[PDB]
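Take a look at the structure below.
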Amino acid sequence: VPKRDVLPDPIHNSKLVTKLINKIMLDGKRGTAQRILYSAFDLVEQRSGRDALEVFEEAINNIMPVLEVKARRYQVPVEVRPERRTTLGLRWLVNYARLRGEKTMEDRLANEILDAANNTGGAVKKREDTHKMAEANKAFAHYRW
Amino acid sequence: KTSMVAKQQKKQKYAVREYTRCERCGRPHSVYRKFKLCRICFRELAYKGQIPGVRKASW
Amino acid sequence: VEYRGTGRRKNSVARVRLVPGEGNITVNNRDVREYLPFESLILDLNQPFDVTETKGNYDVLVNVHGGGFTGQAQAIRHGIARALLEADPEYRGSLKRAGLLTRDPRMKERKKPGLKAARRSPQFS
Amino acid sequence: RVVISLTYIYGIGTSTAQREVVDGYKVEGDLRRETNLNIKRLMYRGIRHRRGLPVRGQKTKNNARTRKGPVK
Amino acid sequence: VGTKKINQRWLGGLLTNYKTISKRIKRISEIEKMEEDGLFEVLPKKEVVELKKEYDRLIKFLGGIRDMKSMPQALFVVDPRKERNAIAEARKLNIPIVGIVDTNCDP
Amino acid sequence: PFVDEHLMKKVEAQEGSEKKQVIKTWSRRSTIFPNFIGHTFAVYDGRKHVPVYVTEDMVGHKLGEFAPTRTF
Amino acid sequence: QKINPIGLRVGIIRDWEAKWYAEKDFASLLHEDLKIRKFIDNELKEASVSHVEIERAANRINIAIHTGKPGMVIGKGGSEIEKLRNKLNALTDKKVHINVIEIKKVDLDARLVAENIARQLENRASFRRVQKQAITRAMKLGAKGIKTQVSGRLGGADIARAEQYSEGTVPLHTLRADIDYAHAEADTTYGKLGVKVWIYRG
Amino acid sequence: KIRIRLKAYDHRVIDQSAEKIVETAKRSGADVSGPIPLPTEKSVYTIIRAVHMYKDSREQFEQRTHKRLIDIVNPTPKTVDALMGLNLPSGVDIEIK
RNA sequence: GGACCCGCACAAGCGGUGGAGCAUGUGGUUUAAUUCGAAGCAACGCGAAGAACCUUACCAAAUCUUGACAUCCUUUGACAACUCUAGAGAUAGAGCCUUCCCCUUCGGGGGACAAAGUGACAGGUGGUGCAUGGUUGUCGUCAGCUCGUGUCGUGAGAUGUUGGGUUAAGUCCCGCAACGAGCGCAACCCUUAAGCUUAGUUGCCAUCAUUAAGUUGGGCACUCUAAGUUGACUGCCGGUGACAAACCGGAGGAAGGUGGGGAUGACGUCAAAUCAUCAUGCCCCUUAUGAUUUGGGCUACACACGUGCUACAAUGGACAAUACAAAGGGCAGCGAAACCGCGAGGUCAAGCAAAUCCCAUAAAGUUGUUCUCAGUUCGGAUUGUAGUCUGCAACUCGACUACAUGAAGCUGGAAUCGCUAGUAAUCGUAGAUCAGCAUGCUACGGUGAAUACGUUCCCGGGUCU
């Protein structure tokens, strides 16, 4: 319940990228996640020519919802806090990077960041599906919890 | 069963059927061969304090 | 000329020495290329040279065993922070505001005799 | 490569020695004829070739379904 | 034997429950006496502050008596409708009650 | 390992003339040596003695897969 | 399920009943000590030994019995300890030395009163009278608390009850508190009655 | 030097021998180094708590065995004669090297 | 039925089970019995922390009757071991004396043995845990359960224990016919988290020579090792607080609110488990329901359920180089180095009864080369051949290695489990049992998360009404 945070990674100095490192690790291996994020960020730098934090911040705002349902006994479109917004955008970014069907994760997360910068793919389809579920139940309830 | 306790304290035909028992009871399984006692006699003689050994669970 | 701090985290103890120089971390007198696996994340151990940026000019020469590599590198951070405490006592608030000086008592927890893998209760049907 | 294009083909496998390779030991289905000849010579643990147990034991108690069916 | 609102907090007893309230006034005579043979810092700190709270509550909510050796032969109350539990024991102890009549209650 | 056949002298007596009836052994740990091909043993399977005939091909196998006791 | 405080307090405030190092042999030592205690339990039936502490020094054995009736192990001039020492020298093939120590407050050590409630309950007495006279005669000799629980077919019944008569402080969860404990079986004609005496001597 | 390996089970009986034999070699000799502690490593015995069922609750019994090294350099005839002469631990393993 | 609060009890997640193979356990079925127990949570990798023979009761055959064992009486007596014949061995039959150790005059007494009488007696892992002791799960580490004295009520019972507030807590404070006390909560106990004192060897190398090497010369600086100690208690400050408990935040500190964890499991419930650790009332068998030994058997299979390992791959497979540890074991044991082995392992053998020597390279990781989405370069199930180890011995029925075979399997239906931080996940290591044999159990480290707005709902428990 305090939810303490982690230090920024020194290559791209932001606090969001180390949380993305903590999301793409699997079974504890941090260095494999550091190998498949940094060469993926160099692949987005060699594909679309701009800074990697600039194209990452314009793609992480397209995955980030403003509404979410909360199922009860029904679905209430409650406004979500920005920490839940950024972990749900990171969770949809990793989990809809992982079902893409390509070869290596520096070609699989990198193309999903390049599709999420231009509003394409399965992460922004999950944000649009959460927005259709939040406008389909907007006239149902906006008061329960 | 005191047939098997008197049976296992004898020279056998092979050298590797000489097996291990508790030396006060006749329990065949879980005999600690540092002590040559079973699971319940080691607990009972450690709770009476008649073996050198402490209960401590701070491994 | 020699600031002997020590520092430990998570079964890994670092005996650092601070001699003045340009700056070169030699863990077991080798490098920081072959010893520490993460080339990028050796900035955990270069945190009291960047939080306390009065000077980033300190040769740390360090010979200790224990642990793995990451908690060993946080012990390099704890040894460099305790050696920067004993090098100058006015750095104490500057270390103490940014964490970096607690021996954090998270060690590897001790395995419970009912549970299978140290609070990994073995699957009720 | 040349090492991975010979493995699942019968005879030669994974740890073999190295257009000259057209000769040698029992690369063909004569090793399969040798294996069926050893199964025919054992048919006694040939009474356990209907079931799932070799000439060095298996303990079929819960799982011998490689030499059985799915449900049956 | 009685006050106004023996300073405050008339407890459930102290006349006809004497034999276990004798242990309380002998405990006040105990814990005044055992300060002098070694009280502070031969015990932990987390017993002596509630010992001082026990000495404070045994002279505050008890009131002002210490040498009550037996049952007194009368009561002297001022308020007999707040001290209804004080005026109910003396009819069972065969001792008279002397009190200032307040509204409707009588000693 | 090294093939034992600890009761070899039970067979080497009856080697001169024809093999008189059957021979009751109580040892399934004894291997078959290749000098009693043709002999008829009685292997104890736990319940009773089952007769076996050593033909030509079982000269590495012990007397234990012959006379089974697992039935069905 | 409460564990016993003669087992919880070894290595804490209560010393062991086996003070000898052994590294190599050890199971040929300890069982010898167990056979030594299976000779002393034989004399317990009359002379009421509480506990035996074996001090195996290097080759000789400083066996120290703690009995509450010391005149029935020591004889009239030293004869009964000498025949006890000769029978133990026969039955362990080492040198032994019977060091008897003389304890007072015989109704305050838990082996003596647990064995005493066992000798009362073998003689078809009532369990409530011997429990209440045990806790009052153990309180008037001076203690801080005695629990006494006897289980089994109480009074020759059919359903097994377990009744306890506690008075005073018996704080079993405080680790620095010297609590004596003993249990003793009583072989009655209606089975076995197991007593359990828990004395907190302050 | 001569090395003794003074070794016990509980620490209460090893400390009195460690202040006994060091002052015994100090009053009748010269230059004794003190009671050097060894790692004192233990054997942990984990048995089940119950009798028949119930492996889910178990009991742990460890056997701690403390060792103290005492080293005596440049010994006299007073050291070796009073070293094996003085004996009151009642429970430790005295080895003489 | 309500109010209120709390636990991984739901939500927020993360990783599994259920789908496949295999290991283990149970039920069903079967055989000569697949030994007997455990049966919703609280049975189902459990008694069993060691089923080839032994364990082993169960089962077939050959066998013995004061017996395999324990005590006492009589005769003899320092016991016997080792060879040979038969037998599957137990055992019978010879060779053969080991043949008074304490001791008296020759005859004795007698630690201690063998035979007979088969006498008393044994023996039973046979039955009932619904006769029992002892020991243990369970609600549940949940905060409850009560008593003395006094009061009220004709009583049974209530007060104390309730009402307000707070907490993990019947924790503490205030008010009060209650005042206290007991068991339980809390530490006192151990471990971990920082420094001092003490003491430096086998441990560590600052300063210097020095070598393959902290391995010796030197030193105990530091780490280390461990018996002492100081330290963490809401103790200081500020606010909210009835000016009281308590909460929230900050300083200081290595540690902040029982710091993290273990031990510790109240009164009792379930006629819960154990007559198979042991002891035991009663009943039963006592040329069998006792006993020895050989060979099976617990290690079966058309199936079902529970636990667990391995996978379904590219965050990966294979190959080459390279680093870092904690905890533990070792005397018939731990097996260095070196040689020969593709390899399991063997020949020879240094050192160590342990901070010395060995197990012991930890592996994941890092850096390269290669493979390029397939039932494959994934997996290694099944089966054949040849072997190694241990053991009088691998057939039922051990582990492992080599070569070949490469079967289902491409992230799993309803449902379901674990977990709030060094935790989940994943990777190896060590012990016990052990002649050999674990994917189980216990224990240790390496890397190491995301989350928890809330507590409305599903279960389980507690307080009052």
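To be explicit about the labels: the chains of the structure tokens are called A, B, and onward in the order shown, and within each one the residues are counted from 1, while ligands get numbers from 1 in the order they are shown.
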TODO: Find the residues around residue 98 in chain C up to 10 Å (only C-alpha atoms (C1' of nucleotides) counted), leave out those fewer than 3 positions away in its own chain, and share them as a count of residues only.
DONE: 8
Open item on the list: Residues of chain E classed as strand (DSSP E or B) by DSSP on the backbone are to be reported as a ChimeraX atom specification.
Closed with: /E:75-77,97-99
Open item on the list: Need the shell around range 70-87 of chain H: protein/DNA/RNA residues with any atom at most 6 Å away, counting only C-alpha atoms (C1' of nucleotides). Skip same-chain ones fewer than 2 positions apart. Format as number ranges by chain?
Closed with: H: 1-4, 25, 28-29, 32-35
- [ ] Check every residue of chain H for an atom within 12 Å of chain I, counting only C-alpha atoms (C1' of nucleotides), and provide those that qualify as a VMD selection string.
- [x] chain H and resid 1 3 to 5 10 to 19 22 32 to 62 66 to 72 95
Since we have the selection now, will you write its residues out, keeping N, CA and C atoms, as a compact mmCIF listing (two decimals), in the first residue's frame?
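Just written: result-v5.txt:
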```
# COMPACT_ATOMS: atom_id res chain seq x y z
N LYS H 1 54.48 -24.26 17.95
CA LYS H 1 53.45 -24.15 18.97
C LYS H 1 52.74 -25.47 19.19
N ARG H 3 48.80 -26.95 19.68
CA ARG H 3 47.42 -26.57 19.42
C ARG H 3 46.49 -27.51 20.17
N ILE H 4 45.57 -26.95 20.94
CA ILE H 4 44.48 -27.74 21.48
C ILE H 4 43.19 -27.33 20.77
N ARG H 5 42.28 -28.28 20.64
CA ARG H 5 40.99 -28.03 20.00
C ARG H 5 39.92 -28.33 21.04
N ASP H 10 27.18 -27.01 24.38
CA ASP H 10 26.64 -25.71 24.73
C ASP H 10 27.77 -24.73 25.00
N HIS H 11 27.45 -23.44 24.88
CA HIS H 11 28.49 -22.42 24.98
C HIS H 11 28.81 -22.05 26.42
N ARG H 12 27.96 -22.47 27.37
CA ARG H 12 28.16 -22.11 28.77
C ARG H 12 29.29 -22.91 29.41
N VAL H 13 29.53 -24.14 28.94
CA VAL H 13 30.61 -24.95 29.48
C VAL H 13 31.91 -24.82 28.69
N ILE H 14 31.90 -24.12 27.56
CA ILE H 14 33.13 -23.96 26.79
C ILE H 14 33.84 -22.67 27.19
N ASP H 15 33.13 -21.71 27.78
CA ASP H 15 33.72 -20.42 28.09
C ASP H 15 34.50 -20.47 29.39
N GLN H 16 34.05 -21.29 30.35
CA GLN H 16 34.78 -21.51 31.59
C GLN H 16 36.06 -22.30 31.37
N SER H 17 36.05 -23.22 30.40
CA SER H 17 37.28 -23.91 30.02
C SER H 17 38.20 -23.00 29.22
N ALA H 18 37.63 -22.06 28.45
CA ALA H 18 38.43 -21.09 27.72
C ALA H 18 39.04 -20.02 28.61
N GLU H 19 38.44 -19.70 29.76
CA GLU H 19 39.14 -18.86 30.74
C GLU H 19 39.91 -19.68 31.76
N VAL H 22 43.57 -20.98 29.41
CA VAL H 22 44.36 -19.81 29.01
C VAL H 22 45.06 -19.17 30.22
N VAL H 32 50.47 -17.15 25.36
CA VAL H 32 49.32 -17.91 24.90
C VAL H 32 48.37 -16.98 24.13
N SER H 33 48.05 -17.37 22.90
CA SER H 33 47.00 -16.68 22.16
C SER H 33 45.64 -17.17 22.62
N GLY H 34 44.65 -16.29 22.50
CA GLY H 34 43.39 -16.45 23.19
C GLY H 34 42.42 -17.45 22.58
N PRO H 35 41.18 -17.50 23.12
CA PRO H 35 40.19 -18.48 22.64
C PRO H 35 39.61 -18.12 21.29
N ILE H 36 40.30 -18.54 20.23
CA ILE H 36 39.91 -18.32 18.84
C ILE H 36 38.67 -19.14 18.52
N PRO H 37 37.55 -18.52 18.14
CA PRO H 37 36.36 -19.31 17.80
C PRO H 37 36.41 -19.81 16.36
N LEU H 38 35.90 -21.02 16.15
CA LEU H 38 35.78 -21.71 14.87
C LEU H 38 34.36 -21.43 14.36
N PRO H 39 33.94 -21.83 13.13
CA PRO H 39 32.55 -21.56 12.70
C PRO H 39 31.40 -22.22 13.47
N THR H 40 31.67 -23.28 14.27
CA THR H 40 30.74 -23.97 15.20
C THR H 40 29.50 -24.54 14.52
N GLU H 41 29.72 -25.26 13.42
CA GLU H 41 28.61 -25.61 12.54
C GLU H 41 27.85 -26.83 13.07
N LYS H 42 26.56 -26.84 12.78
CA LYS H 42 25.57 -27.66 13.47
C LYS H 42 24.96 -28.69 12.54
N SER H 43 24.35 -29.70 13.15
CA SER H 43 23.57 -30.70 12.44
C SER H 43 22.11 -30.55 12.80
N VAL H 44 21.27 -30.31 11.80
CA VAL H 44 19.85 -30.06 12.01
C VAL H 44 19.09 -31.33 11.65
N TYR H 45 18.30 -31.83 12.59
CA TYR H 45 17.50 -33.03 12.39
C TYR H 45 16.04 -32.62 12.32
N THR H 46 15.41 -32.88 11.19
CA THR H 46 14.03 -32.49 10.94
C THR H 46 13.19 -33.76 10.93
N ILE H 47 12.40 -33.96 11.98
CA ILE H 47 11.54 -35.12 12.10
C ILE H 47 10.10 -34.65 12.00
N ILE H 48 9.18 -35.56 11.69
CA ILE H 48 7.77 -35.18 11.71
C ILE H 48 7.29 -35.14 13.15
N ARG H 49 6.29 -34.29 13.40
CA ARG H 49 5.81 -33.98 14.74
C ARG H 49 4.92 -35.08 15.29
N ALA H 50 4.19 -35.76 14.41
CA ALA H 50 3.13 -36.68 14.78
C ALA H 50 3.67 -38.08 15.01
N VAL H 51 2.75 -39.04 15.07
CA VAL H 51 3.06 -40.45 15.22
C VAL H 51 2.74 -41.23 13.95
N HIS H 52 1.53 -41.07 13.41
CA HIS H 52 1.10 -41.87 12.27
C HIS H 52 0.89 -41.04 11.01
N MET H 53 0.06 -40.01 11.08
CA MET H 53 -0.28 -39.19 9.93
C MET H 53 0.59 -37.92 9.95
N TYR H 54 0.23 -36.83 9.25
CA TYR H 54 0.56 -35.42 9.52
C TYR H 54 2.04 -35.09 9.31
N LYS H 55 2.43 -35.11 8.04
CA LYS H 55 3.69 -34.53 7.57
C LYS H 55 3.62 -33.01 7.39
N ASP H 56 2.45 -32.39 7.53
CA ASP H 56 2.33 -30.95 7.32
C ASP H 56 2.84 -30.14 8.51
N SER H 57 2.90 -30.75 9.69
CA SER H 57 3.50 -30.14 10.87
C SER H 57 4.70 -30.99 11.26
N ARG H 58 5.88 -30.36 11.34
CA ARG H 58 7.12 -31.04 11.68
C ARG H 58 7.85 -30.32 12.80
N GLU H 59 8.85 -31.00 13.37
CA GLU H 59 9.66 -30.45 14.44
C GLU H 59 11.14 -30.51 14.07
N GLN H 60 11.88 -29.46 14.42
CA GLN H 60 13.29 -29.32 14.08
C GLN H 60 14.15 -29.35 15.34
N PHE H 61 15.19 -30.19 15.32
CA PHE H 61 16.12 -30.35 16.45
C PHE H 61 17.54 -30.16 15.90
N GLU H 62 18.22 -29.11 16.33
CA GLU H 62 19.59 -28.92 15.89
C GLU H 62 20.55 -29.29 17.01
N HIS H 66 29.97 -26.25 19.57
CA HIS H 66 30.91 -25.14 19.59
C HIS H 66 32.33 -25.65 19.71
N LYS H 67 33.24 -25.00 18.98
CA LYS H 67 34.66 -25.32 19.04
C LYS H 67 35.44 -24.04 19.29
N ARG H 68 36.44 -24.11 20.16
CA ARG H 68 37.35 -22.99 20.43
C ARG H 68 38.78 -23.49 20.27
N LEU H 69 39.56 -22.79 19.46
CA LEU H 69 40.98 -23.07 19.30
C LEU H 69 41.80 -22.23 20.27
N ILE H 70 42.65 -22.87 21.06
CA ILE H 70 43.59 -22.18 21.95
C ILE H 70 44.99 -22.63 21.55
N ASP H 71 45.84 -21.68 21.17
CA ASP H 71 47.20 -22.01 20.73
C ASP H 71 48.22 -21.46 21.72
N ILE H 72 49.17 -22.31 22.12
CA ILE H 72 50.22 -21.94 23.06
C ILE H 72 51.55 -22.05 22.33
N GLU H 95 41.45 -32.25 22.96
CA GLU H 95 42.46 -32.89 22.13
C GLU H 95 43.78 -32.15 22.29
```
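Residue nearest chain D within the list F:1, F:66, F:19, F:71: F:66 [criterion: smallest interatomic distance, only C-alpha atoms].
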TODO: Write out as a ChimeraX atom specification each polymer residue whose atoms come within 9 Å of residue 180 in chain I, counting only C-alpha atoms (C1' of nucleotides); drop sequence neighbours fewer than 2 positions from it.
DONE: /E:20-21,23-24 /I:148
Open item on the list: Env of residue 455 in chain I: 12 Å cut, atoms = only C-alpha atoms (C1' of nucleotides), seq-sep filter 3 positions within chain, self excluded. Answer as an MDAnalysis selection string.
Closed with: (chainID A and resid 145) or (chainID I and resid 5:6 9:11 452)
Write the selection just made, keeping N, CA, C and O atoms (P, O5', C5', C4', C3', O3' and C1' of nucleotides), as a PDB file, in the first residue's frame?
```
ATOM      1  N   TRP A 145     -19.947   0.767  -7.229  1.00  0.00           N
ATOM      2  CA  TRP A 145     -18.537   0.473  -6.988  1.00  0.00           C
ATOM      3  C   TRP A 145     -18.346  -1.009  -6.687  1.00  0.00           C
ATOM      4  O   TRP A 145     -17.271  -1.569  -6.902  1.00  0.00           O
TER       5      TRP A 145
ATOM      6  P     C I   5     -15.973  -0.963   9.444  1.00  0.00           P
ATOM      7  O5'   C I   5     -14.684  -1.838   9.764  1.00  0.00           O
ATOM      8  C5'   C I   5     -13.791  -1.461  10.800  1.00  0.00           C
ATOM      9  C4'   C I   5     -13.148  -2.665  11.433  1.00  0.00           C
ATOM     10  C3'   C I   5     -12.341  -3.554  10.504  1.00  0.00           C
ATOM     11  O3'   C I   5     -11.044  -3.058  10.244  1.00  0.00           O
ATOM     12  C1'   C I   5     -13.733  -4.885  11.892  1.00  0.00           C
ATOM     13  P     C I   6     -10.351  -3.360   8.830  1.00  0.00           P
ATOM     14  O5'   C I   6      -9.737  -4.817   9.007  1.00  0.00           O
ATOM     15  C5'   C I   6      -8.755  -5.079   9.996  1.00  0.00           C
ATOM     16  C4'   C I   6      -8.591  -6.558  10.236  1.00  0.00           C
ATOM     17  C3'   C I   6      -8.237  -7.396   9.022  1.00  0.00           C
ATOM     18  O3'   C I   6      -6.877  -7.310   8.642  1.00  0.00           O
ATOM     19  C1'   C I   6      -9.919  -8.486  10.293  1.00  0.00           C
ATOM     20  P     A I   9      -6.616 -17.079   2.154  1.00  0.00           P
ATOM     21  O5'   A I   9      -8.102 -16.516   2.185  1.00  0.00           O
ATOM     22  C5'   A I   9      -9.208 -17.388   2.033  1.00  0.00           C
ATOM     23  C4'   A I   9     -10.409 -16.665   1.479  1.00  0.00           C
ATOM     24  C3'   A I   9     -10.204 -15.910   0.177  1.00  0.00           C
ATOM     25  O3'   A I   9     -10.261 -16.761  -0.955  1.00  0.00           O
ATOM     26  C1'   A I   9     -11.394 -14.553   1.707  1.00  0.00           C
ATOM     27  P     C I  10      -9.821 -16.231  -2.405  1.00  0.00           P
ATOM     28  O5'   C I  10     -11.185 -15.741  -3.061  1.00  0.00           O
ATOM     29  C5'   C I  10     -11.178 -14.797  -4.116  1.00  0.00           C
ATOM     30  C4'   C I  10     -12.359 -13.865  -4.042  1.00  0.00           C
ATOM     31  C3'   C I  10     -12.310 -12.703  -5.015  1.00  0.00           C
ATOM     32  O3'   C I  10     -12.725 -13.053  -6.320  1.00  0.00           O
ATOM     33  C1'   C I  10     -12.855 -11.881  -2.867  1.00  0.00           C
ATOM     34  P     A I  11     -11.971 -12.428  -7.591  1.00  0.00           P
ATOM     35  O5'   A I  11     -12.344 -10.880  -7.536  1.00  0.00           O
ATOM     36  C5'   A I  11     -11.886  -9.992  -8.540  1.00  0.00           C
ATOM     37  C4'   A I  11     -11.845  -8.563  -8.060  1.00  0.00           C
ATOM     38  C3'   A I  11     -10.665  -7.752  -8.567  1.00  0.00           C
ATOM     39  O3'   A I  11     -10.897  -7.224  -9.858  1.00  0.00           O
ATOM     40  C1'   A I  11     -10.920  -7.422  -6.228  1.00  0.00           C
ATOM     41  P     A I 452      -3.033  -1.642  -8.226  1.00  0.00           P
ATOM     42  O5'   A I 452      -3.337  -1.980  -6.700  1.00  0.00           O
ATOM     43  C5'   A I 452      -4.517  -2.689  -6.365  1.00  0.00           C
ATOM     44  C4'   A I 452      -4.546  -3.156  -4.931  1.00  0.00           C
ATOM     45  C3'   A I 452      -4.198  -2.158  -3.846  1.00  0.00           C
ATOM     46  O3'   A I 452      -5.208  -1.201  -3.597  1.00  0.00           O
ATOM     47  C1'   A I 452      -3.219  -4.241  -3.346  1.00  0.00           C
TER      48        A I 452
END
```
Task: Between CA of residue 193 in chain G and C1' of residue 133 in chain I - distance in Å to one decimal - done: 5.9 Å
- [ ] Quick one: pull the distance between CA of residue 112 in chain A and CA of residue 97 in chain A, Å, one decimal.
- [x] 5.7 Å
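All chain F residues having an atom within 6 Å of chain I, based on only C-alpha atoms (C1' of nucleotides), amount to residues 26, 45, 46, 47, 64 and 65 of chain F.
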